[PDB]
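Coming up are structure 1 and structure 2: the same protein chain in two forms, each one given alone as structure tokens.
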Structure 1
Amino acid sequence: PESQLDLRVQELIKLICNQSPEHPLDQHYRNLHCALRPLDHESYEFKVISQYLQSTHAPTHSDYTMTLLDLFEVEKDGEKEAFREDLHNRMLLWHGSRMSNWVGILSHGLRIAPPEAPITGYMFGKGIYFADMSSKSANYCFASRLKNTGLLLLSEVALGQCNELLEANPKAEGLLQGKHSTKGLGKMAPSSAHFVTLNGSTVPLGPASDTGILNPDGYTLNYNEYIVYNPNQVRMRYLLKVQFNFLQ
């Protein structure tokens, strides 16, 4: 009958999901094995992440804006222990996805791309993909004017040593040669000057600027992507409930 979850967590669950004594909402929430605790809109963490979202909304993604409706702290049991805390270049990075995938993601954590690949391969191999531009990830939410509420995931990502690459390459994991991740280089990115620290992870705050990068061969990426090939380089921390405002 009556739910034991904060109302904000209730509405989150209604969104990504769907007589016991347990409310069916509380059932779904319990079966995620994932803490989701709402944060106060005046707290520092809300302010910083709110800024992260807005300042790293890409200039060439002007076909919409985003509003932060609700902010959540994510704590997946076991992830802190498994995490590669040893590695340097630990960044708080964006991950966007279809609505149908959030139960899976909150239930098992982020997985590397499925082993039965498409026949071309993945753009940068079988890993877990992140962005430092909020709107680059949000375009992976496949939101619409009707379905204009989506989620963005913020995660601590142990990048360690990056293998920097100018173009797409399915064999990227192989090209690592001992380094701990791939970084696909974009024409534009946040620069270290405006960077900030939140609980031991660098947060690459905007604005983005030209990186002077050009691919001498073909097409060069608009914005960076970061790829790690072991889930223990990932630790979920925040879940943003975000509103997409499409123009005209």
Structure 2
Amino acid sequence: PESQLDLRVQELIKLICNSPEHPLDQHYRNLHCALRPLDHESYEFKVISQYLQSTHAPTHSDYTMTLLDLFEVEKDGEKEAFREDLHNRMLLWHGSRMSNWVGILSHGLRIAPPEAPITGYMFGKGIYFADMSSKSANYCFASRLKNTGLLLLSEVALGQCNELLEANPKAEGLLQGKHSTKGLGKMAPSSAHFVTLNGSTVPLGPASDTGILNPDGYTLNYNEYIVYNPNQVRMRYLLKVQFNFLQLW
């Protein structure tokens, strides 16, 4: 009964969880997901760390983020299922509750559940991504007590984007052959600062004005990216992040 995994992956499993194989060794083999830690000195960490800080959104001032540990993610089968034909391959942010990462790592990203939309989803039942690290980071629901969260970096086959200025629950019907919806925001990383990591575009910051205005009212502050098929997504990195908040009271 003794574990065979690296301590940093060991620490991750303890975080998302709770024989001749240790239970920590046992749960990972049941994720069916490679998670290989990267070195704090590595090119991949220096580049990904810079992505995280330069895309902390100006309106998300109640905290800052420190990157504790970085992991490389290769989900088996996801590489083959991947729409390699499609253009606009970007490395994009996805944040979620701690309680969701076993589900996310075991089964890949799923579309918005076919259950209760409530009123509906902002752009219908798809998978959501952001280009501002802190826009995605706010979806981890970290708190002063639970101040560790995860960010997912994924290659996203955007293909041809259906660009939208305002919200639309029926956005998926309007695709008519294009491959994803992009909600245009006042602010986003601009291509002048883009960089490449292992064959995927990295929308590096700082954010700038995008020149987008809704002539019919409110213009969203930041982009959102939505794909409606899990085969347009391929996880590549998983960030272990500590959220550093301000004075509570």
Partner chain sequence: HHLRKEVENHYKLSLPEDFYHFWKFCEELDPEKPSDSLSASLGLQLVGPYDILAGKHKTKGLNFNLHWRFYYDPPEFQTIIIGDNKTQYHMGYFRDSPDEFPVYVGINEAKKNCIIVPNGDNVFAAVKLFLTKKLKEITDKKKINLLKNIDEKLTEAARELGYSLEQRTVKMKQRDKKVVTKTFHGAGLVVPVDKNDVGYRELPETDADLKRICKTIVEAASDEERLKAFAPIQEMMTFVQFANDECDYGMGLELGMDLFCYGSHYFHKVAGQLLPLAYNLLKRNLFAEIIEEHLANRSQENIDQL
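Residues that one form lacks are left out of the comparison. By convention here, residues take numbers in order along the sequence of structure 1, the first being 1. For clarity, a rigid core is taken as the largest C-alpha set superposing within 1.5 Å between two forms.
Engineer: Specify the structure that is the form deposited without the partner chain; exactly one of the two qualifies.
Structural biologist: Between the two, the form deposited without the partner chain is shown as structure 1, not structure 2.
Engineer: Which of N31, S191, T220, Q51 has its C-alpha displaced by 2 Å or more between the two structures after core superposition?
Structural biologist: Among the listed residues, the outlier is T220.
Engineer: Fit the two forms on their core, then tell me the C-alpha shift of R84 between the two structures in angstrom.
Structural biologist: Core-aligned C-alpha shift comes out at 0.5 Å.
Engineer: What is the magnitude, in angstrom, of the C-alpha shift at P118 between the two structures when the rigid core serves as the superposition reference?
Structural biologist: Residue shift at the C-alpha: 2.2 Å.
Engineer: Given the rigid core as reference frame, how large is the C-alpha shift of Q177 between the two structures? Answer in angstrom.
Structural biologist: Displacement of the alpha carbon, after core fit: 1.3 Å.
Engineer: With a 2 Å cutoff on C-alpha displacement after fitting the rigid core, which stretches of 3 or more consecutive residues move between the two structures?
Structural biologist: The runs that move are 117-119, 214-220.
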